[PDB]
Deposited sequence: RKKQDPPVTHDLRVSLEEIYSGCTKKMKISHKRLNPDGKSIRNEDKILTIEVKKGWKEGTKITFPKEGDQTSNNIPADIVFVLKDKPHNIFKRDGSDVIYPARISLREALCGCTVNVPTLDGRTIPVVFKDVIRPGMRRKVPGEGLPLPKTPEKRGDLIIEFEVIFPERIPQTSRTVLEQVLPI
């Protein structure tokens, strides 16, 4: 009744992949493992041994079921005065997504259909969620404080 962790990258989950696994008991044998589109953490593939699919951490995206989250690290200036976010896609395109209104700390903007394939309807994808991280200045001179007091509301 034996489990071993099968680590799968976001890209593997987006497109599917085949994974080959070596064993010894004492004959060296190969178990092959089709990983179909959009399969979730925990998914069990058993072998008369139980491979349990784990999401490999990715540094651009955080998986949220079939959705994919994108941290957008912008300046406070960008957040107050406007900016363009070049959203990366899982297949390596970039989408400019223009923001005219004030962006708020932790604000989300759904980029529809740029997520993972939903396992059972893999022609239907989840979403890419922009998640804004507004980076404050470490320090503000007395010069700036005095202007900021005049132009920002009480």
- Task: Write out the missing regions of the deposited sequence in sequence order, one range per stretch.
- Result: 1 to 6, 32 to 42, 66 to 78
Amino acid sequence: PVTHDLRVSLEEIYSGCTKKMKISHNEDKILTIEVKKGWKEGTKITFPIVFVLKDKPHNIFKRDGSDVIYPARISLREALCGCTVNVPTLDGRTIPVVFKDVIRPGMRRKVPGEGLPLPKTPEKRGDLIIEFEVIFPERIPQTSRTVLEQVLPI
From here on, numbers count along this sequence of modelled residues.
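By rigid core we mean the largest C-alpha set that fits within 1.5 Å across both forms.
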- Say the other structures are aligned on the rigid core; which stretch then has the higher CA RMS in 4 other deposited structures of this protein, 141 to 149 or 127 to 135? 141 to 149
- Task: Between 113 to 121 and 92 to 100, name whichever shows the higher mean Cα B factor according to the PDB entry.
- Result: 113 to 121
- Higher mean Cα B-factor in the deposited model: 56 to 64 or 38 to 46? 38 to 46
- Going by the entry, which of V134, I23, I130, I13 has the most elevated CA B factor? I23
- Message: Comparing recorded Cα B-factors across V85, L31, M107, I69, which one is largest?
- Response: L31
- Task: Can you work out whether the C-alpha temperature factor of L152 puts it in the lowest, middle or highest third of the chain?
- Result: lowest
